[PDB]
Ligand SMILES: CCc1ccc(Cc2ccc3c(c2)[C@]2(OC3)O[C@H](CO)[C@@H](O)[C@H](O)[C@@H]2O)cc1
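Shown here is one chain on its own, the form solved without Tofogliflozin, set out as structure tokens.
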């Protein structure tokens, strides 16, 4: 019993975090085999960020301009290349702690763990979601660029996020590990701002199924809804449209609790209408949307990775 924002054990990623220094700039890099990945804006001064030309800035750099430090060991950079918005530094030592990994680009609504690091050293680990507006609500201070986000389903690390910058409203933007930004954001000092965010409807429903699994039924009602009537209502509360894909994905949780997905939609409709009336759901006084269906199955049943 219980329900917690539960991250993956971070050790497989800890062994990968290094410090990258270029000029006066220092941030974090990810060391996998003989390559260190980090944000390409490591090569920029604050004064370059208004209109950087990365091709021009990078061609002026040599291998020994990059100081890579693993623990208190220095790694020799022997090559460098740019792939989209990430810099790949070839070093002549392969990381002996390189886990089983792959790079995955995720969809809005997906969750992952973040290992916040400073100077190549892990600070802490927390859960995040890719918001519908393609930002993440992280906790990041100066020096955190190059921190990564990942899942570790079944003993393989799936890297899905590298941290690049904080937007004016205090949320965060970055790339996948191929260097493509999530959303329309750019590694340039512009007027870019997060779009209006929405609530991840399929996740809220999953969390309501988690509450039922753990013994709370008080928010259910005798009603049902059509998919389209549910969406017409939910979008008036700035909830994301629920698709048939989302219904299908909730199937297993529907089967385990005996509550049809559109019946759970009926309950959410009423919860949006009424609020909680002084009650909580799984310790929260708000409707929580950063647990996916897969997350709920991962936690309300017991599955682990070595």
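Positions refer to the first chain, counted from 1.
Not pictured, yet referred to below: the form deposited with Tofogliflozin bound.
- Placing Tofogliflozin onto this chain by superimposing the site C-alphas, using its pose in the deposited complex, gives no ligand atom within 2.4 angstroms of backbone or C-beta atoms, which makes the site open.
- Tofogliflozin in the deposited complex is not approached by residue 69, whose heavy atoms all lie more than 4.5 angstroms from it.
- Contact check for residue 235: every heavy atom lies farther than 4.5 Å from Tofogliflozin in the deposited complex.
- Within this chain, residue 253 lines the site of Tofogliflozin in the deposited complex, having a heavy atom no more than 4.5 Å away.
- Tofogliflozin is not drawn, but in the deposited complex it has a heavy atom within 4.5 Å of residue 213.
- In the deposited complex, 297, 300, 301 are the residues of 269 to 306 with at least one heavy atom within 4.5 Å of Tofogliflozin, listed from first to last.
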